[PDB]
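What follows is the structure, given as structure tokens:
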């Protein structure tokens, strides 16, 4: 399953960010919510103007977020991962997500 | 191989000039870079909006620049030469290129 | 007629064509000459053609045959590859009209500009040939503007356009509709195609700026 | 002059006449109730003279008679 | 002449029909296929503008030929067509050979009649 | 005036089915895009008659049609071919039928001649 | 693209012709009336827009059928039309069935042709012969004088050289150019 | 992009190298590292960078030394020496 | 615009890694992320 890096993300730290992104020539809308007690980011994925999000999950490092969901016509077939740029023991935080902040959220697409 | 003079060039001396020219009814974009240590002009040739230049070479007097490259569909079939107007021993410089500056960069096209 | 403009040290070609119209009015104090110029109007509106092809003909051959009829230099073309006609075809009338019809059914953009023929594919774009920033004489912040005055029904080819933005800059004739630009601002950042240009100028009094209508891209990087 | 091929005319009479104008170099136009049929290029005496005595207003200026240019055999 | 607003639309519509909206035209057979009867038609009409320019129709390929027949093609009067026969040609509104074409009336040959007796071959 | 009439024909006009057209027959008319009689006309679709079809059976002149038979007919002379081999020429005083079963029955009011499938030859 | 003033009229005219100005179209017979010959036509062509929308012509009722005829309908070649035959259809400019309609070209069926030999139903054609044929009854005339009537058990040929060979499975009768008369 | 490509040898400006190495430093110590004007690291990196510009220019000069165009001086003789042509030395005028 | 994929658009060089924990990263990103090519 050859895959190539094709997109990177950044977060400003606002607890209720929402924006639209284009992946594999298809367009999706994303929502990020910050959880206080669990100090983690909650990601919701869905179609543009959809009544409810298609997928909701909790973000973690080195875990394949989309693994159990590559069976729907509206879910990207690529790979979405979070891995750190600094010390390997650093876990995902609020302000430490970005191309140079410490954690590299990235999307990669299979070659077809 | 009958050939007729059909175009002349001039350079303002700026070290990173880039402009578009039309030859044989086809259009190309040219880049000129000045080298300090080698005191010579580097010419790059390519198609309009091309990702990378098709040809790169170093300019010299009385040398057929395009000689080894008349086998591509996007390279002019004419003749490109640099010859001096003054003393024959003068070599190409920075500010001495032009119709009256001392060196005559010229393009000539075969008769068909 | 040719027109040049710039800033006291150089002048870039900004238009070239034929004088379609001319009139003079001289009421009392000041005469005012008027012009209307067309970029290749004569060729695009009189070049007749009469061609035909059979089943199995490679489409790449049809394209080259029709363009040579138009009698204009080829600025840039993206061939079709190994595409072949599915049905017999016949072409007559103005060559430009026939080519513009082939555009719809094959997702290709055809448009002549400053004498150069440009044939490209919709959705895809060409390097950062231009960068826009406060250093690059930008004028005001970019704003999002729809690229068409109407909305189309959608299934919600997907690759087609449908989005854009607007920017303004000091006059710079070294730009063309089919080029690509990079937008380095503080809010918006990314790559865009160009779709429309408008050059304005008042020598003694008036603006000396250019307006670009950008369109988002979603295709391959041709 | 004689017709070279059979002809048929229907619809508004004005439209049919305006079509006969193109193929025979004639100008057709109604004005203040009067029908005028003339031939293009040719003209009728000095029925009017323009000069400063004749209440002219400003000098004449050359203006093209159409907003577009046609291809010519030149 | 060209000042009114309506005359502009008149000329624009007149010119628009010139390059489209092909409905019917006469022609002559130049190529004949006997298996799956079809004929190649060369339209005869043309015009010359005052600017010394001419408009020629191109050769049209594989126009189906109609014959009086029925009962699923079991009964038919198959006459021996030859090249050079003068026939009338009709153009279909849509490209019946494809379902994705966006144009209309763009020289989509519909069918041809067996023969027409005009001047010169009456 | 003068719309050319089409007839099923070929081979350069050597083969043609010239039926006897009369005034009053109902036909469909087609108009050509350009004036095929001239090469200088600037107009288009201006009632340039292209051609006319032999006849069209509309309301008010709808003749009956045989459900299954290729009948070529004249005022009183009829040629009928049926799918089952049989062919027949008829007229108010003669009949020449060739049936499927090897039957020939050339007949007339004054007499008849026939051949049976069994090879018989008789003269009535 | 959509900025010029002329492109707007171009698109408007292109869209206007789409819903009107019907001139000709192919079709297939689905309903046949033998008294006062008329046929129901189902046009075959269609298109699918990028927005996932389709355009279908509806069934057209009672299009008159043309046949080679004359003399006030006394002479006519009435072939046995059946449902499913592929025919070409023509639309009249005005509603010939009414004199008050204000529209034009609005699918006013004009007439239909007997049959058209397109791809998928292309019957073979004899290079040189005027063959009038039925299911099993054939009439063949050849340029060289010879004429022949055939069927699976009879044959009546009249050749160029004065030969008459009226024949049958049970026997034959013939006349030679030399004036001979024989009965087989 | 600026090194060896499919169409010969190119030349990079100074600013691209400066930005690339500054990005590398940024990645080394996070986005907070300062690299402009007042940084001692800035004064070291910029001074360091200009020298490799000379190296790149000299390398580019070397490549063309073995081509029909660009040869000069001693290197020119080797190119045309393959075809048996040698420069002429000092000459004495002759006449009558 | 602060990380890779823009360099491929801007036609620049990817930043080399600083080596630490080598042979642990390279096996995983190269298989799960790949390279922009």
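Protein chains in written order, with the working numbering: chain A, 12 to 123; chain B, 12 to 123; chain C, 26 to 247; chain D, 1097 to 1170; chain E, 66 to 187; chain F, 4 to 127; chain G, 2 to 185; chain H, -8 to 87; chain I, 69 to 105. Beta carbons are placed, not taken as given, at the ideal position from N, Cα and C, and that holds for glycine.
Taking Cβ-Cβ distances shorter than 9 Å, what residues in chain I pair up with residue i?
i	result
residue 18 of chain A	73
residue 151 of chain C	Correct list: empty, because the minimum Cβ distance to chain I is about 11 Å.
Residues of chain A with CB under 9 Å from residue i, in chain order?
i	result
residue 200 of chain C	What residue 200 of chain C touches in chain A: nothing, since even the nearest Cβ is about 25 Å away.
residue 100 of chain I	14, 73, 75, 90, 92, 94, 119
Would a check of beta-carbon distances place residue i closer than 8 Å to chain C?
i	result
residue 1169 of chain D	no
residue 1151 of chain D	no
residue 33 of chain A	yes
Note down, in chain order, every chain G residue with its Cβ under 7 Å from the Cβ of residue i.
i	result
residue 220 of chain C	2
Between residue i and chain I, is there a C-beta pair that is closer than 8 Å?
i	result
residue 40 of chain H	no
residue 18 of chain H	yes
residue 58 of chain H	no
Classify residue i as buried or exposed, calling it buried when 16 or more other Cβ atoms lie within 10 Å of its own Cβ.
i	result
residue 152 of chain E	buried
residue 190 of chain C	buried
residue 49 of chain F	buried
residue 0 of chain H	buried
residue 157 of chain E	buried
residue 51 of chain F	buried
residue 101 of chain F	buried
residue 55 of chain C	exposed
residue 94 of chain B	exposed
residue 81 of chain G	buried
What does residue i reach in chain G if we use C-beta pairs closer than 9 Å?
i	result
residue 177 of chain C	51, 52
Applying a beta-carbon distance threshold of less than 8 Å, which residues of chain F neighbour residue i?
i	result
residue 1118 of chain D	45, 46
Can you check whether the C-beta of residue i is within less than 8 Å of a C-beta belonging to chain D?
i	result
residue 67 of chain C	yes
Just checking: is the beta-carbon of residue i within a distance shorter than 8 Å of some beta-carbon in chain B?
i	result
residue -5 of chain H	no
Can you check DSSP and say which residues form a bridge with residue i?
i	result
residue 94 of chain F	F:97
residue 233 of chain C	Answer is none; residue 233 of chain C lacks a bridge partner.
residue 56 of chain G	G:48
residue 72 of chain G	Partner(s): none; residue 72 of chain G has no beta bridge.
Run through chain H and tell me which residues come within less than 8 Å of residue i, C-beta to C-beta.
i	result
residue 113 of chain A	21
List the residues of chain H whose Cβ lies closer than 9 Å to the Cβ of residue i, in chain order.
i	result
residue 103 of chain B	None at all; the shortest Cβ gap to chain H is about 11 Å.
Residue i touches chain C at which residues, Cβ-Cβ below 8 Å?
i	result
residue 78 of chain I	153, 207
residue 36 of chain A	183, 184, 243, 244
Less than 8 Å between CB atoms is the rule here; does residue i satisfy it with respect to chain F?
i	result
residue 143 of chain G	no
residue 105 of chain E	no
residue 150 of chain E	yes
Are the C-beta atoms of residue i and some chain A residue less than 8 Å apart?
i	result
residue 87 of chain I	no
For a contact meaning CB atoms closer than 7 Å, what does residue i contact in chain L?
i	result
residue 75 of chain C	Among the protein chains of the structure shown, namely A, B, C, D, E, F, G, H and I, there is no chain L.
Does residue i come within less than 8 Å of chain G when only Cβ atoms are used?
i	result
residue 173 of chain C	yes
Residue i CB to nearest chain H CB: under 8 Å?
i	result
residue 104 of chain I	no
residue 116 of chain B	no
Going along chain C, which residues have a C-beta under 9 Å from residue i?
i	result
residue 126 of chain E	77, 78, 79, 80, 113, 114, 115
Below 8 Å on C-beta distance, what does residue i contact in chain I?
i	result
residue 15 of chain H	83, 84
If the cut is a Cβ gap below 9 Å, which residues of chain D does residue i touch?
i	result
residue 40 of chain F	1100, 1101, 1102
| query | Are the segment 85 to 99 of chain G and the segment 141 to 152 of chain E touching by the rule of at least three beta carbon pairs closer than 8 Å? | reply | no
| query | Quick one: any contact between the segment 106 to 116 of chain G and the segment 111 to 126 of chain F, if contact means 3 or more CB pairs under 8 Å? | reply | no
| task | Could you tell me whether the segment 24 to 42 of chain G touches the segment 65 to 72 of chain F, where touching means 3 or more Cβ pairs closer than 8 Å? | result | yes
| Contact between the segment 84 to 99 of chain C and the segment 171 to 190 of chain C: three or more CB pairs below 8 Å? | no
| Counting Cβ pairs, one atom from each stretch, are 3 or more of them under 8 Å apart for the segment 71 to 87 of chain B and the segment 59 to 68 of chain H? | yes
| Contact between the segment 71 to 85 of chain C and the segment 122 to 132 of chain E (3+ Cβ pairs under 8 Å) | yes
| Counting Cβ pairs closer than 8 Å, one from the segment 64 to 72 of chain B and one from the segment 69 to 80 of chain H, do we hit at least three? | no
| said: Can you confirm whether the segment 1127 to 1140 of chain D touches the segment 32 to 40 of chain C when touching is taken to mean that 3 or more C-beta pairs between the two stretches lie within less than 8 Å? | reply: no
| field | Inter-stretch contact (C-beta, 8 Å, three-pair minimum) for the segment 16 to 25 of chain B and the segment 103 to 110 of chain A | value | no
| task | May I ask you to verify whether the segment 87 to 106 of chain B touches the segment 32 to 49 of chain B, counting CB pairs closer than 8 Å and requiring at least 3? | result | yes
| query | Quick one: any contact between the segment 83 to 97 of chain F and the segment 134 to 148 of chain G, if contact means 3 or more CB pairs under 8 Å? | reply | yes
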